[PDB]
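*Asks:* Residue numbers (the working numbering), protein chains in the order written: chain F, 402 to 555; chain S, 447 to 632; chain B, 1416 to 1555; chain H, 7 to 101; chain W, 113 to 268.
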RNA sequence: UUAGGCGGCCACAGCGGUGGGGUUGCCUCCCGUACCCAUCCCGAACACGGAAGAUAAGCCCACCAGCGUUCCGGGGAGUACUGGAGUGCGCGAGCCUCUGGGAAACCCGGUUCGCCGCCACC
RNA sequence: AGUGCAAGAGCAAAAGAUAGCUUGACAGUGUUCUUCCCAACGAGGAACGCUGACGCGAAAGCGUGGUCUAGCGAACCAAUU
RNA sequence: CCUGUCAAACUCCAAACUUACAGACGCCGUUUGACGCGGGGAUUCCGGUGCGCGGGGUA
Ligand SMILES: [Cl-]
Ligand SMILES: [Cl-]
Ligand SMILES: [Mg+2]
Ligand SMILES: [Mg+2]
Ligand SMILES: [Mg+2]
Ligand SMILES: [Mg+2]
Ligand SMILES: [Mg+2]
Ligand SMILES: [Mg+2]
Ligand SMILES: [Mg+2]
Ligand SMILES: [Mg+2]
Ligand code: NA
Ligand code: NA
Ligand code: NA
Ligand code: NA
Ligand code: NA
Ligand code: NA
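(1) Relative to ligand 1, is the shortest distance from any of its heavy atoms to the C-beta of residue 560(S) smaller than 7 Å?
(2) Is there a Cβ from chain B that is less than 8 Å from the Cβ of residue 552(S)?
(3) What residue from 116(W), 155(W), 252(W), 224(W) has the CA that sits closest to residue 138(W)'s CA?
(4) Within 10 angstroms of the Cβ of residue 452(S), are there 16 or more other Cβ atoms? Answer buried if so, exposed if not.
(5) Output yes if chain B places a C-beta closer than 8 Å to the C-beta of residue 459(S); else output no.
(6) In the DSSP assignment, the alpha helix (DSSP H) including residue 585(S) goes from what residue to what residue?
(7) Excluding the 5 residues flanking residue 1438(B) on each side, which residues of the same chain have their C-beta closer than 6 Å to its C-beta?
(8) Verify the CB distance criterion: does residue 68(H) have a CB-CB separation below 8 Å to chain S?
(9) Could you spell out where the beta strand (DSSP E) holding residue 1532(B) opens and where it closes?
(10) What in chain B is Cβ-close to residue 471(S), meaning under 9 Å?
(11) Could you please give the first and the last residue of the uninterrupted alpha helix (DSSP H) stretch that includes residue 419(F)?
(12) Judging by CA-CA distance, which residue of 92(H), 18(H), 7(H), 85(H) is the nearest neighbour of residue 59(H)?
(13) What does residue 1531(B) touch in chain S if you count any residue whose Cβ is under 8 Å from its own?
(14) Specify, as a first and last residue, the run of the alpha helix (DSSP H) that residue 1540(B) falls within.
(15) How many Å lie between residue 46(H) and residue 76(H) at the Cα?
(16) What are the residues in the stretch 14-46 of chain H lying within 7 Å of chain S by C-beta distance?
(17) To be precise: take each residue of the stretch 1490-1503 of chain B, compare its Cβ to all Cβ atoms of chain S, and keep it if any distance is under 9 Å. Which residues remain?
(18) Could you work out which residues of chain H lie near residue 536(S), taking near to mean beta carbons separated by less than 7 Å?
(19) Less than 7 Å between the CB of residue 497(S) and some heavy atom of ligand 1, yes or no?
(20) At a cut of 8 Å, does the stretch 255-264 of chain W reach the stretch 192-202 of chain W through at least three beta carbon pairs?
(21) Could you name the residues of the same chain whose beta carbon sits closer than 8 Å to that of residue 1519(B), not counting the 5 residues immediately before and after it, in chain order?
(22) Using 8 Å as the threshold, is the C-beta distance between residue 219(W) and residue 155(W) below it?
(23) For the 8 Å Cβ check, are there 3 or more pairs between the stretch 142-149 of chain W and the stretch 63-78 of chain H?
(24) On a Cα-Cα basis, can you pick out the residue from 515(S), 489(S), 498(S) that is closest to residue 625(S)?
(25) Please report how far the alpha carbon of residue 265(W) lies from the alpha carbon of residue 151(W), in whole angstroms.
(26) Starting from the N-terminal end, write out each residue whose C-beta falls within a distance shorter than 6 Å of any non-hydrogen atom of ligand 12.
(27) At which residue ranges does the stretch 120-179 of chain W contain complete beta strand (DSSP E) runs of 3 or more residues, listed in the order of the chain?
(28) What are the start and end residues of the alpha helix (DSSP H) that includes residue 496(F)?
(29) Could you compute how far the alpha carbon of residue 538(F) sits from the alpha carbon of residue 525(F)?
(30) Please tell me whether residue 479(S) has its Cβ less than 8 Å away from any Cβ of chain B.
(31) Since residue 632(S) contacts residue 540(S) with CB under 8 Å, what's their CB separation in whole angstroms?
(32) Under a Cβ-count criterion, where at least 16 other Cβ atoms within 10 Å of its own Cβ denotes burial, should residue 169(W) be classed as buried or exposed?
(33) Do the stretch 525-536 of chain S and the stretch 562-569 of chain S make contact, defined as three or more Cβ pairs closer than 8 Å?
(34) Please tell me whether residue 568(S) has its Cβ less than 8 Å away from any Cβ of chain B.
(35) Where do the ends of the beta strand (DSSP E) carrying residue 505(F) lie?
(36) Quick one: using the 10 Å Cβ neighbour count with 16 as the cut-off for buried, is residue 435(F) buried or exposed?
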């Protein structure tokens, strides 16, 4: 399972690429979604490769971001351990996190918005004109790499 | 053979066995084919249908297994062909086959030929087949009369030992008569 | 093995390549059976522009009709060698050609499952000279 | 295009590779299809008759009855519904 | 006319003589120079390598070749060496010589298309590289910057 | 399939070559023209009638790779080309990096001298 | 090679050649595609049927002119069936 | 036999890629009625630029 964050805007981006992000529930910059590692999903992320940051996050990081930026399908309600326990199959954020990571369920299945609306990266990211292997922030990241980004956008 | 661009004919065209232009036309009817084939000594008749991996023969008769019913004469003649046709035709009927189109392969549509005798036989067996009566022999020749008379110009038996000296178109009737009722494999 | 490997005469073609006939008559008597017209192909200067057009006749003789003919034709010829086919044929003379081959030739002349005669089973110039020379005359 | 006939720009699609040259096998010209079956359309360079407009080469339609020995195949050109009269010699069962 | 007009390979390949008439003859005199009777049985083999894809008019080929071979006469008219220009001017070139109306040009010449890194010239010499000099003069009359490369020759 | 008939795929099956096989299931060559039929001339062919002979053709069986073809390993080659991205480089032509694909020639070594279906048959 | 004529395509027991026979280059009426990709638009064209009458063939079958894509023309008026 | 080169109107080969249909996932629709059908009203038929691919042209 990979974490998807749009880092580049819609202006001037191919339409077929924009619709792809939209099918992955991201409609704004800094919006994140969690995607299972399947053939179907893999092709989609490859197509979006140049306007996004993605990678497999650590259990911890996912928990921090889930707690901090997860939302119900509808409403303000904070998604904390109690919420998770009183609304999902799991007993706490950690349990949900693990299930997501092991691709056993999805944010929607558990009554949560498929989108984690992140905050801009505190300290700024590495740039949206170059990929990771060049010092930029676009493309596939290290688990440590994704974690840094996700945590700076916590 | 000569290179990458060289065109090699379909196998059965190489073997000079199948006329594909005639085959297509034959298959147009959507009906089973009455395959009439000859050999120096025998005459074969098959009712073939189309299949996913090749033709399917649903019924057949060979001039050899004619003796199996009382044939004691040569098997490469007119009376032989007719009977083989009738025999295959009967087996055809038993198999639930009601109609067919005559496929004479690479043979020639010569009037009174053996392939047409085969066709006559199959039709009398009950098989409905597109035909033309005045392209068939005049019964007597089918019976084998032309050969009996030929032996009349004897001086030396037309048949080396075989059966009879003056031959028998009567043996023909006895057999046809036989095939038209009961008996095994029919 | 032999008997089915030994040569034999298959047709002798006597033809008079005239250029426009009355010649048939002699061909009929020299051979014994009707002659056949010889149409020509292509338009050419020898005032022979007509495509379909009688310009000679030929006669293909087989069996006895061929022997009974060669039993007078050969004697009227001397030549041999070099003037022989690579397939064991030879033409001399009014032309008189002799096509020679062995027993299983029908295999390449019939309609069903026809086939081209293997090089080995073909008749060589030499194996030809022998057969004929061994029939009322001499080679070279 | 410098002209607008049906065969304009069909040099490739209506030409056989040198080895597929020559009369095609009759088996596929007699194939029978049922209404509802999905068939791929592809003109066979060697078969003159039963063809359809070259623009439809590559389409995959639905057999929906027949006319004479030819079949009536329904396709969708862009957004438009069309019916194509075509013989078995130029059709293939999908899958 | 300047090479500026034809040195680039931005146009389609235009070489089909069955649809193009009035093509000027080539000015290139020979392609095999020196001892063409002998085969490359020499110790040293130097090559003139083009470093950029370009079009070289038959004009430049001839002047480049002449300037090189005419100089290789530091070895003599019947000297022991063989010189080869491996390219031929296949590309037909036009000129629109009315303004931009019906501008398809008329044939005015021919040029050879050389891709960066190909060798246009190859000389065969015994340890006597006067050829290295014949080429300093040759890449002097062709558009691109060039690399003088030696292959069989560890006799440095 | 101790040899047959109708085929499907239509060169992996072609081209060329070697060896083996028949008182019979057989196929052939073969023998022969009163008939049905036949040659713009010839029972050559086509058609019909038939077994004295033969396994030499064909055919069937076993096999050979020199040519052609099919597929595969290794090399060429992750090269050539290319869908997506870049305030990367270059006077420019053009190039480079990241991401997703990815060849052709040719060389060397294997494969391939058909596979499969229905029917008939010591 | 040939197949009337551009170019490209198709074709070998043929779509080519030869021979013989024949007039389907037929009347009537349609389905569909094309003309006009997608996407409306006439004449024209083609493909594929049917009804009727025929030709040839043992027969399956072929023949809705020429192997395929050019060779075409509204209303008003006249002549004609 | 050896040796030197090419093709918009060449091809023994042959991509990336575009494309018909189907299934799967995604997204979407069934009170926000999608897909589609029928009807009313238009405006519009001088376009331009960047990038990729081009054809013409010294540009
Ligand atoms: Cl037969
Ligand atoms: Cl159509
Ligand atoms: Mg909300
Ligand atoms: Mg700050
Ligand atoms: Mg920055
Ligand atoms: Mg043998
Ligand atoms: Mg036609
Ligand atoms: Mg007027
Ligand atoms: Mg009038
Ligand atoms: Mg395209
Ligand atoms: Na074909
Ligand atoms: Na002017
Ligand atoms: Na220079
Ligand atoms: Na005549
Ligand atoms: Na044999
Ligand atoms: Na119309």
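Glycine included, C-beta positions come from ideal geometry on N, C-alpha and C.
*Replies:* Concretely, from the data shown:
(1) Residue 560(S) sits at position 114 when you count from the first residue of the second chain. Residue 560(S) Cβ: outside cutoff for every heavy atom of ligand 1.
(2) Along the second chain, read from residue 1 onward, the residue named residue 552(S) stands at position 106. It does: the Cβ of residue 552(S) has a partner Cβ on chain B nearer than 8 Å.
(3) The sequence position of residue 138(W) within the fifth chain is 26, counting from 1. The option with the nearest alpha carbon to residue 138(W) is 224(W).
(4) Translated into positions along the second chain, residue 452(S) becomes position 6. When all chains shown are included, residue 452(S) counts as exposed.
(5) As a position in the second chain, residue 459(S) is number 13, starting the count at 1. So no, residue 459(S) is outside the interface.
(6) Numbered from its first residue, the second chain carries residue 585(S) at position 139. Here residue 585(S) belongs to no alpha helix (DSSP H), and DSSP marks it neither H nor E.
(7) Translated into the one-based positions of the third chain, residue 1438(B) becomes position 23. 1431, listed in sequence order.
(8) Along the fourth chain, read from residue 1 onward, the residue named residue 68(H) stands at position 62. So no, residue 68(H) is outside the interface.
(9) Numbered from 1 along the third chain, position 117 holds the residue referred to as residue 1532(B). That residue, residue 1532(B), is in no beta strand (DSSP E); it is neither H nor E in DSSP.
(10) Along the second chain, one-based indexing puts residue 471(S) at 25. Ordered by position in chain B, no residue passes the 9 Å Cβ test against residue 471(S), which lies about 18 Å from the chain.
(11) Position 18 of the first chain, counted from the first residue, corresponds to residue 419(F). That run of the alpha helix (DSSP H) goes 416-424.
(12) Along the fourth chain, read from residue 1 onward, the residue named residue 59(H) stands at position 53. The residue with the shortest Cα to Cα distance from residue 59(H) is 92(H).
(13) By 1-based counting over the third chain, the position of residue 1531(B) is 116. The contacting residues do not exist; residue 1531(B) stays about 10 Å from chain S at best.
(14) Locating residue 1540(B) in the third chain gives position 125, counting from the first residue. Run containing residue 1540(B): 1540-1548, per the alpha helix (DSSP H) assignment.
(15) Within the fourth chain, numbered from 1, the residue matching residue 46(H) stands at position 40. Within the fourth chain, numbered from 1, the residue matching residue 76(H) stands at position 70. C-alpha separation (whole angstroms): 15 Å.
(16) 24, 25, 27, 28, 29, 31, 32, 35, 36
(17) none
(18) Looking up residue 536(S) in the second chain gives position 90. Near residue 536(S) there are no residues of chain H at all, since even the closest Cβ is about 28 Å away, more than 7 Å.
(19) Along the second chain, read from residue 1 onward, the residue named residue 497(S) stands at position 51. Residue 497(S) Cβ: outside cutoff for every heavy atom of ligand 1.
(20) no
(21) For the purposes of this step, residue 1519(B) is identified with residue 104 of the third chain, where counting begins at 1. So the list reads 1419, 1532, 1536, once near-sequence residues are dropped.
(22) To locate residue 219(W), count along the fifth chain from 1; it is residue 107. To locate residue 155(W), count along the fifth chain from 1; it is residue 43. Cβ distance not < 8 Å, so residue 219(W) and residue 155(W) don't count as in contact.
(23) no
(24) Residue numbering aside, residue 625(S) sits at position 179 when the second chain is read from its first letter. Looking at the Cα atoms, 515(S) is the closest of the given residues.
(25) Indexing the fifth chain from 1 puts residue 265(W) at position 153. Indexing the fifth chain from 1 puts residue 151(W) at position 39. Answer to the nearest angstrom: the Cα atoms are 17 Å apart.
(26) 210(W), 213(W)
(27) 144-146, 156-162, 166-169
(28) Taking the first residue of the first chain as 1, we reach residue 496(F) at position 95. 494-502 is the extent of the alpha helix (DSSP H) around residue 496(F).
(29) Taking the first chain and counting its residues from 1, the one referred to as residue 538(F) is at position 137. Taking the first chain and counting its residues from 1, the one referred to as residue 525(F) is at position 124. Those two C-alpha atoms are separated by around 10 Å.
(30) Here residue 479(S) is taken as the residue at index 33 of the second chain, counted from 1. Not one chain B Cβ lies under 8 Å of residue 479(S).
(31) The count along the second chain starts at 1 and reaches residue 632(S) at position 186. The count along the second chain starts at 1 and reaches residue 540(S) at position 94. Right, their Cβ atoms sit about 7 Å apart.
(32) Indexing the fifth chain from 1 puts residue 169(W) at position 57. Under this definition residue 169(W) is a buried residue.
(33) yes
(34) As a working mapping, residue 568(S) is identified with position 122 in the second chain. It does not; no Cβ of chain B falls within 8 Å.
(35) By 1-based counting over the first chain, the position of residue 505(F) is 104. Taken as a continuous stretch (DSSP letters only), residue 505(F) belongs to no beta strand (DSSP E), as it is neither H nor E.
(36) Here residue 435(F) refers to the residue found at position 34 of the first chain. So residue 435(F) ends up on the buried side.
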